[PDB]
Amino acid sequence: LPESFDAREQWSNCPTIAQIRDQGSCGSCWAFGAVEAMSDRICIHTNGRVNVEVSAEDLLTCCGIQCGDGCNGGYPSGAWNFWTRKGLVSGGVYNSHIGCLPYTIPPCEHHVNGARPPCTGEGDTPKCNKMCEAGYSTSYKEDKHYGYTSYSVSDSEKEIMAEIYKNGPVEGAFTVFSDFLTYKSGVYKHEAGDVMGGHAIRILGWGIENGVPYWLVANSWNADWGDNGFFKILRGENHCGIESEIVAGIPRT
């Protein structure tokens, strides 16, 4: 395995890999890390042939109890199961009008200052509506993309790197302390700060910074939070549980 590896470069023909979304005022990181990683892997596994943005909106709103409580939180491995059974329709970002169900919850500022309204944290979960927006070419049922398999990856550094390196970014989760909120650059090691619970992400690579090993991670807090929306978190120490809750899956291709 390589000492450093970036999925964005390994499959540069696959643009979802490089994309930072914004979940909005809805705690649906669980839904975002999955559909981000599923998009990436539908592109990787058809070798470029198929490139969709999988709908964050379909997952979030139509999964139900097996996934969690929507905007209030949920479970990654419930998401990848849903994909495998009921599939996910396409849906681009808010107001993109791309795909069946683009996301209906607007961008907002996530522990940063900018032009977008502050995020407000409390946000209703949209009802499940099994219908593509007006204009879309196909019907909801037709637009479903399916998972062939889902699985957890064991807490093994070398096993996590081999899975990404072979098959694409993963969804993971980690415990979020308050000192993470203000990450700008470099490798995140939790030091000060209290605990704000566990949070799901997409892991898309690894590398070495000043000797400190790290994981290259996409947050779903828009591109103005952190390092253009990405963060590096310390690798090899189960640091804040980052090597504990890896889930992934192979598309029905």
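The first residue of the sequence shown is number 1, and the count goes up from there.
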Practice item. Return whichever of 242-250 and 4-12 has the greater mean Cα B factor according to the PDB record. Key: 4-12
Check your understanding: Per the entry, where is the mean C-alpha temperature factor higher: 229-237 or 19-27?
Key -> 229-237
Check your understanding: Looking at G74, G168, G172, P102, which has the highest CA B-factor as recorded?
Key -> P102
Check your understanding: Looking at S150, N113, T182, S156, which has the highest CA B-factor as recorded?
Key -> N113
Practice item. Report the third (lowest, middle or highest) to which the CA temperature factor of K189 belongs, ranking only the modelled residues of the same chain. Key: middle
Study note, to complete from the structure: Of the three thirds of Cα B-factor ranks in this chain, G123 occupies the highest
Check your understanding: Mind checking which third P107 falls in for C-alpha B-factor across the chain?
Key -> highest
Exercise for review: Quick one: classify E133 as lowest, middle or highest third of the chain based on its Cα B-factor.
Suggested key: highest
Check your understanding: Lowest, middle or highest third: where is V93 by Cα B-factor in its chain?
Key -> lowest
